[PDB]
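The block underneath contains the structure these notes are about, expressed in structure tokens.
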Amino acid sequence: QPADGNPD
Amino acid sequence: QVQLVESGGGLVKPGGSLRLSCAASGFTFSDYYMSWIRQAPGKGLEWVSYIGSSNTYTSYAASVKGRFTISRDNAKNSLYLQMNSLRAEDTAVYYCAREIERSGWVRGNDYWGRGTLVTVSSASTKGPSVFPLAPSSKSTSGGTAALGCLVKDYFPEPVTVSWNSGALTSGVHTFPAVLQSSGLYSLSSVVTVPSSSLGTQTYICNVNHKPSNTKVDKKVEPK
Amino acid sequence: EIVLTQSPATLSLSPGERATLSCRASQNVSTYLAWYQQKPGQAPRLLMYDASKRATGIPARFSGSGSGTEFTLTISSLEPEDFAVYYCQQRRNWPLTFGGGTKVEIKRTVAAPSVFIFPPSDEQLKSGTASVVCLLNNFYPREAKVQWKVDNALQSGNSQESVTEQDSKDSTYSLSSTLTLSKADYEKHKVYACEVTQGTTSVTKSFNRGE
């Protein structure tokens with residue numbers, strides 16, 4: 001998923 | 001080669017705390033993102049947490065939110081999992097695993113550590129009692145004899161079992177342990193042999209319990 | 001959360017046969033799906049990511065396909081080393097989730113167990129506890145009903161069983177069942193029996209405490 005750890 | 005080595009696992013009381021470490025080598029740790037994945041005994045895989053470029057970028061499974069914290073120290077090539085308010089249901093092997101990244105999205109775990117076992121229980125460490133499963137000299141199974149060792153009331157996992165210091169391997173079945181209602185583990189190890197061998201060949205089971213730094217050797221004599 | 005279902009949970013196939021493993025998602029995950037292999041006592045190994053990209057060093061007999069909610073992992077011809085558990089993992093959104101796994105075991109002919117029953121050792125009885133152990137040696141298939149009878153009374157709630165992984169040489173399983181009782185309970189009864197039922201056959205192994 002988004003690599004910053006935040007849901008899409 | 002890429003290597004990931006977890007450490008810090010062990011026994012913890014319910015409500016206690018534990019810190020896992022994961023040492024990375026064979027690649028530039030700071031060029032990769034990481035996850036922790038756990039596996040309860042006999043169960044499937046459960047993702048635990050993920051970290052990106054720094055402690056600023058993390059994500060957690062709902063079941064651990066607020067209790068576990070993932071972090072990294074690139075100068076030490078190390079990943080960490082701080083575990084607080086532990087519960088019996090957290091008992092599992094914990095793996096650290098490297099993530100695949102492309103186009104700003106992580107896409108799977110291409111390298112895994114060997115895992116470290118975390119046990120959450122009020123039980124105290126205890127070495128095993130090893131009892132014989134003795135073969136009957138009277139053979140009632142077509143000329144074959146079964147014998148073994150009952151490894152009872154040890155804690156925590158794991159134990160390993162060999163026979164005659166590794167010289168006897170054919171026909172050995174060492175069973176996965178069961179967790180007894182007492183909170184202690186028990187397992188058996190068996191081997192089938194020619195009944196005609198019971199009077200000539202010595203059979204010894206070698207039971208190693210590293211958590212208690214105890215090894216038990218039990219000679220199993222015919223009945 | 002995105003729920004993954006792997007059905008069937010077990011595939012029983014012969015070496016050289018084609019294997020088709022399914023993973024279905026409760027929501028649209030596009031092609032963000034990874035597949036893993038795991039053997040007993042070992043860490044998982046990545047096989048496939050982005051649904052269809054083979055991982056490093058994975059043989060070409062493994063191919064992944066699908067998009068959206070239905071995905072497949074195909075092993076064109078099973079090799080001995082391919083009998084293992086397979087998990088899918090969706091990488092579409094946080095939190096990450098896994099399927100429950102599919103075990104690919106070796107199909108073989110039916111094989112009845114050799115059944116042995118072990119009384120408690122005198123050494124253990126001195127401790128005030130008794131463990132009675134029943135062994136089912138090298139049988140197939142894995143499914144079997146094991147029951148304890150004490151003076152012909154069916155037991156419930158006082159036994160636990162364990163099963164080995166499939167044997168690499170003969171593809172059988174073995175099973176242990178352990179009955180736990182106090183020394184006093186043990187000495188109140190004579191006949192101890194372990195009954196194994198598979199299909200239309202029950203085999204009971206027993207001993208008399210005195211003998």
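Identifiers for the structure tokens are assigned positionally: chains receive A, B, ... in sequence, residues are indexed from 1 per chain, and ligands are indexed from 1 in the order shown.
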Chain B contacts on chain A, only C-alpha atoms, 6 Å, as number ranges by chain: A: 1-5
With N, CA, C and O atoms retained, export the selected residues as a CSV table (one decimal), in the first residue's frame.
chain,number,residue,atom,x,y,z
A,1,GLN,N,0.8,-1.2,0.0
A,1,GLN,CA,0.0,0.0,0.0
A,1,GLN,C,0.9,1.2,0.0
A,1,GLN,O,2.1,1.1,-0.1
A,2,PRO,N,0.3,2.4,0.1
A,2,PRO,CA,1.1,3.6,0.2
A,2,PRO,C,2.3,3.5,1.2
A,2,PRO,O,2.1,3.1,2.3
A,3,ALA,N,3.5,3.7,0.7
A,3,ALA,CA,4.7,3.4,1.5
A,3,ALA,C,4.8,4.3,2.8
A,3,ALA,O,5.7,4.0,3.6
A,4,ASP,N,4.1,5.4,2.9
A,4,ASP,CA,4.1,6.2,4.1
A,4,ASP,C,3.3,5.6,5.2
A,4,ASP,O,3.3,6.2,6.3
A,5,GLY,N,2.7,4.5,5.0
A,5,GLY,CA,1.9,3.9,6.1
A,5,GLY,C,0.5,4.4,6.3
A,5,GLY,O,-0.2,3.9,7.2
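Residues in contact range of stretch 200-207 of chain C, defined as at most 7 Å between only C-alpha atoms, with sequence neighbours fewer than 3 positions away removed, read residues 115, 116, 117, 191, 192, 193, 194, 195, 196 and 197 of chain C.
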Considering only C-alpha atoms, give me a table of residues in chain C that are at most 6 Å from chain B, with the closest atom pair and distance in Å for each, as a tab-separated table.
residue	atom	partner	partner_atom	distance
C:34	CA	B:108	CA	5.9
C:43	CA	B:114	CA	5.7
C:46	CA	B:110	CA	5.5
C:91	CA	B:107	CA	5.8
C:95	CA	B:61	CA	5.7
C:100	CA	B:44	CA	6.0
C:164	CA	B:175	CA	5.6
Atomic distance atom CA of residue C:80 - atom CA of residue B:94, expressed in Å with one decimal: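 These two atoms are separated by 28.0 Å.
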Residue set, stretch 126-200 of chain B restricted to helix (DSSP H, G or I), as a ChimeraX atom specification: /B:164-166,195-197
Export, as a JSON list (two decimals), in the first residue's frame, the selected residues with N, CA and C atoms.
[["chain", "number", "residue", "atom", "x", "y", "z"],
["B", 164, "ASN", "N", 19.32, -42.19, 20.55],
["B", 164, "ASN", "CA", 20.69, -42.71, 20.51],
["B", 164, "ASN", "C", 21.64, -41.68, 19.91],
["B", 165, "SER", "N", 21.50, -40.44, 20.38],
["B", 165, "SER", "CA", 22.37, -39.32, 20.01],
["B", 165, "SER", "C", 22.39, -39.09, 18.50],
["B", 166, "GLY", "N", 21.27, -39.35, 17.84],
["B", 166, "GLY", "CA", 21.17, -39.16, 16.41],
["B", 166, "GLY", "C", 21.47, -40.39, 15.58],
["B", 195, "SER", "N", 11.00, -56.12, 17.03],
["B", 195, "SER", "CA", 10.84, -56.67, 18.38],
["B", 195, "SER", "C", 12.04, -57.52, 18.78],
["B", 196, "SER", "N", 12.70, -58.15, 17.81],
["B", 196, "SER", "CA", 13.86, -58.97, 18.10],
["B", 196, "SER", "C", 15.05, -58.14, 18.58],
["B", 197, "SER", "N", 15.02, -56.83, 18.38],
["B", 197, "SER", "CA", 16.10, -55.95, 18.80],
["B", 197, "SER", "C", 16.01, -55.54, 20.27]]
Residues of chain C that approach chain A to 12 Å or less, counting only C-alpha atoms: could you list each one with the shortest pair of atoms and its distance in Å to one decimal, rows by chain and increasing residue number, as a Markdown table?
| residue | atom | partner | partner_atom | distance |
| --- | --- | --- | --- | --- |
| C:1 | CA | A:7 | CA | 11.3 |
| C:29 | CA | A:1 | CA | 10.3 |
| C:30 | CA | A:1 | CA | 11.7 |
| C:31 | CA | A:1 | CA | 11.6 |
| C:32 | CA | A:1 | CA | 8.2 |
| C:33 | CA | A:1 | CA | 10.6 |
| C:50 | CA | A:1 | CA | 11.4 |
| C:89 | CA | A:1 | CA | 11.7 |
| C:90 | CA | A:1 | CA | 9.1 |
| C:91 | CA | A:1 | CA | 5.5 |
| C:92 | CA | A:1 | CA | 5.3 |
| C:93 | CA | A:1 | CA | 5.0 |
| C:94 | CA | A:7 | CA | 5.4 |
| C:95 | CA | A:7 | CA | 8.0 |
| C:96 | CA | A:1 | CA | 8.5 |
| C:97 | CA | A:1 | CA | 11.6 |
Selection from above, N, CA, C and O atoms, as an mmCIF file, in the first residue's frame, can you write it?
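Saved the output as result_34.cif:
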data_model
loop_
_atom_site.group_PDB
_atom_site.id
_atom_site.type_symbol
_atom_site.label_atom_id
_atom_site.label_comp_id
_atom_site.auth_asym_id
_atom_site.auth_seq_id
_atom_site.Cartn_x
_atom_site.Cartn_y
_atom_site.Cartn_z
ATOM 1 N N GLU C 1 -12.073 -4.353 6.911
ATOM 2 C CA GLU C 1 -10.771 -4.782 6.323
ATOM 3 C C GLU C 1 -11.029 -5.720 5.141
ATOM 4 O O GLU C 1 -12.102 -6.316 5.032
ATOM 5 N N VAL C 29 -8.867 -5.567 -4.970
ATOM 6 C CA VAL C 29 -7.466 -5.326 -4.653
ATOM 7 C C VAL C 29 -6.633 -5.156 -5.915
ATOM 8 O O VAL C 29 -5.402 -5.050 -5.833
ATOM 9 N N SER C 30 -7.275 -5.113 -7.085
ATOM 10 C CA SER C 30 -6.561 -4.905 -8.352
ATOM 11 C C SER C 30 -5.537 -6.025 -8.491
ATOM 12 O O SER C 30 -5.908 -7.200 -8.345
ATOM 13 N N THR C 31 -4.269 -5.721 -8.750
ATOM 14 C CA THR C 31 -3.222 -6.724 -8.855
ATOM 15 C C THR C 31 -2.290 -6.718 -7.650
ATOM 16 O O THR C 31 -1.209 -7.310 -7.716
ATOM 17 N N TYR C 32 -2.677 -6.063 -6.551
ATOM 18 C CA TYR C 32 -1.809 -5.946 -5.379
ATOM 19 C C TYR C 32 -2.026 -7.177 -4.508
ATOM 20 O O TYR C 32 -2.684 -7.140 -3.461
ATOM 21 N N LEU C 33 -1.461 -8.296 -4.951
ATOM 22 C CA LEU C 33 -1.593 -9.566 -4.258
ATOM 23 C C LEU C 33 -0.262 -10.299 -4.291
ATOM 24 O O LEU C 33 0.373 -10.389 -5.347
ATOM 25 N N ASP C 50 2.537 -8.502 -6.953
ATOM 26 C CA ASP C 50 1.770 -7.845 -8.010
ATOM 27 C C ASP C 50 0.966 -8.888 -8.785
ATOM 28 O O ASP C 50 0.802 -8.807 -10.005
ATOM 29 N N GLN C 89 -1.656 -12.735 0.337
ATOM 30 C CA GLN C 89 -1.604 -11.513 1.126
ATOM 31 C C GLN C 89 -1.998 -10.359 0.222
ATOM 32 O O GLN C 89 -1.393 -10.175 -0.838
ATOM 33 N N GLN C 90 -2.997 -9.582 0.628
ATOM 34 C CA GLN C 90 -3.410 -8.438 -0.170
ATOM 35 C C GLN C 90 -2.559 -7.239 0.222
ATOM 36 O O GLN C 90 -2.292 -7.009 1.406
ATOM 37 N N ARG C 91 -2.118 -6.495 -0.785
ATOM 38 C CA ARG C 91 -1.287 -5.314 -0.600
ATOM 39 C C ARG C 91 -1.987 -4.077 -1.150
ATOM 40 O O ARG C 91 -1.338 -3.115 -1.564
ATOM 41 N N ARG C 92 -3.322 -4.096 -1.163
ATOM 42 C CA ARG C 92 -4.068 -2.961 -1.691
ATOM 43 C C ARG C 92 -4.171 -1.837 -0.669
ATOM 44 O O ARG C 92 -4.018 -0.663 -1.024
ATOM 45 N N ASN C 93 -4.424 -2.164 0.599
ATOM 46 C CA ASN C 93 -4.583 -1.110 1.587
ATOM 47 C C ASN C 93 -4.236 -1.624 2.977
ATOM 48 O O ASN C 93 -4.288 -2.824 3.255
ATOM 49 N N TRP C 94 -3.883 -0.681 3.847
ATOM 50 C CA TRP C 94 -3.728 -0.976 5.262
ATOM 51 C C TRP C 94 -5.098 -1.165 5.908
ATOM 52 O O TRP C 94 -6.058 -0.482 5.540
ATOM 53 N N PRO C 95 -5.231 -2.094 6.868
ATOM 54 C CA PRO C 95 -4.192 -3.004 7.369
ATOM 55 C C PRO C 95 -3.982 -4.201 6.450
ATOM 56 O O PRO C 95 -4.941 -4.676 5.842
ATOM 57 N N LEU C 96 -2.750 -4.693 6.362
ATOM 58 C CA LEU C 96 -2.497 -5.877 5.556
ATOM 59 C C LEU C 96 -3.242 -7.070 6.138
ATOM 60 O O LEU C 96 -3.437 -7.174 7.353
ATOM 61 N N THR C 97 -3.643 -7.983 5.258
ATOM 62 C CA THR C 97 -4.343 -9.191 5.663
ATOM 63 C C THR C 97 -3.855 -10.367 4.832
ATOM 64 O O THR C 97 -3.408 -10.208 3.691
#
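If you look at atom CA of residue B:214 and atom CA of residue B:10, they are 16.2 Å away from each other.
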Within 9 Å of residue C:186 using only C-alpha atoms, minus same-chain residues under 6 positions, as a PyMOL selection string: chain C and resi 129-130+209
Contacts of residue C:139 within 12 Å, only C-alpha atoms, excl. fewer than 6 positions in-chain, as a ChimeraX atom specification: /C:108-115,163-167,170-175,196-198
Take the residues just selected and output them with N, CA, C and O atoms as an mmCIF file, in the first residue's frame.
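Saved the output as result.cif:
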data_model
loop_
_atom_site.group_PDB
_atom_site.id
_atom_site.type_symbol
_atom_site.label_atom_id
_atom_site.label_comp_id
_atom_site.auth_asym_id
_atom_site.auth_seq_id
_atom_site.Cartn_x
_atom_site.Cartn_y
_atom_site.Cartn_z
ATOM 1 N N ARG C 108 -2.051 -40.461 -1.615
ATOM 2 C CA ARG C 108 -1.568 -41.827 -1.711
ATOM 3 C C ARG C 108 -2.733 -42.758 -1.412
ATOM 4 O O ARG C 108 -3.855 -42.316 -1.146
ATOM 5 N N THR C 109 -2.466 -44.058 -1.458
ATOM 6 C CA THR C 109 -3.496 -45.038 -1.157
ATOM 7 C C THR C 109 -3.809 -45.051 0.336
ATOM 8 O O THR C 109 -2.977 -44.691 1.177
ATOM 9 N N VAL C 110 -5.028 -45.486 0.661
ATOM 10 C CA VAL C 110 -5.413 -45.641 2.057
ATOM 11 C C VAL C 110 -4.429 -46.577 2.742
ATOM 12 O O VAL C 110 -3.949 -47.553 2.150
ATOM 13 N N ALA C 111 -4.121 -46.280 4.001
ATOM 14 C CA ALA C 111 -3.218 -47.110 4.788
ATOM 15 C C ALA C 111 -3.706 -47.122 6.227
ATOM 16 O O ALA C 111 -3.815 -46.065 6.857
ATOM 17 N N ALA C 112 -4.028 -48.309 6.727
ATOM 18 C CA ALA C 112 -4.500 -48.438 8.095
ATOM 19 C C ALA C 112 -3.336 -48.252 9.064
ATOM 20 O O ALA C 112 -2.219 -48.702 8.788
ATOM 21 N N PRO C 113 -3.555 -47.593 10.199
ATOM 22 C CA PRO C 113 -2.468 -47.442 11.168
ATOM 23 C C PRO C 113 -2.166 -48.748 11.878
ATOM 24 O O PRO C 113 -3.031 -49.612 12.039
ATOM 25 N N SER C 114 -0.918 -48.895 12.309
ATOM 26 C CA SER C 114 -0.600 -49.845 13.367
ATOM 27 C C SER C 114 -0.814 -49.112 14.688
ATOM 28 O O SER C 114 -0.331 -47.989 14.867
ATOM 29 N N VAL C 115 -1.578 -49.727 15.584
ATOM 30 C CA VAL C 115 -2.060 -49.081 16.799
ATOM 31 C C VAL C 115 -1.395 -49.719 18.007
ATOM 32 O O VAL C 115 -1.432 -50.945 18.175
ATOM 33 N N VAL C 163 -0.532 -34.634 15.787
ATOM 34 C CA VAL C 163 -0.332 -35.310 14.510
ATOM 35 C C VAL C 163 0.960 -34.820 13.875
ATOM 36 O O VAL C 163 1.256 -33.620 13.896
ATOM 37 N N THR C 164 1.721 -35.745 13.293
ATOM 38 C CA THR C 164 2.950 -35.377 12.612
ATOM 39 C C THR C 164 2.650 -34.766 11.244
ATOM 40 O O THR C 164 1.532 -34.841 10.725
ATOM 41 N N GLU C 165 3.671 -34.139 10.663
ATOM 42 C CA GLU C 165 3.608 -33.744 9.265
ATOM 43 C C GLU C 165 3.749 -34.975 8.375
ATOM 44 O O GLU C 165 4.272 -36.017 8.783
ATOM 45 N N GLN C 166 3.277 -34.843 7.141
ATOM 46 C CA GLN C 166 3.262 -35.977 6.229
ATOM 47 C C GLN C 166 4.672 -36.503 5.994
ATOM 48 O O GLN C 166 5.607 -35.733 5.767
ATOM 49 N N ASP C 167 4.823 -37.823 6.071
ATOM 50 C CA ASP C 167 6.139 -38.430 5.947
ATOM 51 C C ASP C 167 6.691 -38.263 4.537
ATOM 52 O O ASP C 167 5.985 -38.468 3.546
ATOM 53 N N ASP C 170 6.931 -42.229 2.815
ATOM 54 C CA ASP C 170 5.709 -42.969 2.510
ATOM 55 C C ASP C 170 4.445 -42.118 2.544
ATOM 56 O O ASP C 170 3.347 -42.663 2.397
ATOM 57 N N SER C 171 4.561 -40.808 2.744
ATOM 58 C CA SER C 171 3.429 -39.890 2.639
ATOM 59 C C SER C 171 2.311 -40.219 3.625
ATOM 60 O O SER C 171 1.153 -39.842 3.403
ATOM 61 N N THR C 172 2.624 -40.897 4.724
ATOM 62 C CA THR C 172 1.633 -41.160 5.753
ATOM 63 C C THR C 172 1.718 -40.117 6.864
ATOM 64 O O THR C 172 2.633 -39.290 6.923
ATOM 65 N N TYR C 173 0.740 -40.187 7.759
ATOM 66 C CA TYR C 173 0.684 -39.407 8.981
ATOM 67 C C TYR C 173 0.772 -40.358 10.166
ATOM 68 O O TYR C 173 0.527 -41.561 10.043
ATOM 69 N N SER C 174 1.146 -39.813 11.317
ATOM 70 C CA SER C 174 1.069 -40.531 12.580
ATOM 71 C C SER C 174 0.410 -39.627 13.610
ATOM 72 O O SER C 174 0.466 -38.398 13.510
ATOM 73 N N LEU C 175 -0.229 -40.247 14.596
ATOM 74 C CA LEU C 175 -1.025 -39.509 15.562
ATOM 75 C C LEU C 175 -0.834 -40.105 16.944
ATOM 76 O O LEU C 175 -0.738 -41.326 17.101
ATOM 77 N N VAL C 196 -9.819 -46.533 17.258
ATOM 78 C CA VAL C 196 -9.531 -45.754 16.059
ATOM 79 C C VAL C 196 -10.551 -46.149 15.000
ATOM 80 O O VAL C 196 -10.678 -47.335 14.670
ATOM 81 N N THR C 197 -11.268 -45.165 14.459
ATOM 82 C CA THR C 197 -12.259 -45.407 13.421
ATOM 83 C C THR C 197 -11.874 -44.644 12.162
ATOM 84 O O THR C 197 -11.654 -43.429 12.211
ATOM 85 N N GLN C 198 -11.798 -45.362 11.044
ATOM 86 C CA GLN C 198 -11.670 -44.764 9.723
ATOM 87 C C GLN C 198 -12.627 -45.493 8.790
ATOM 88 O O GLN C 198 -12.615 -46.726 8.726
#
Among the residues C:121, C:177, C:102, C:138, the one that comes closest to residue C:12 [using only C-alpha atoms]: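 Closest to residue C:12, using only C-alpha atoms: C:102.
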Polymer residues at most 12 Å from stretch 3-11 of chain C, only C-alpha atoms, same-chain spacing of 4 or more positions, as a PyMOL selection string: (chain B and resi 44) or (chain C and resi 17-29+33-35+68-73+78+82-107+142)
Point-to-point distance from atom CA of residue B:30 to atom CA of residue C:41, Å rounded to tenths: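 Atom CA of residue C:41 lies 29.5 Å from atom CA of residue B:30.
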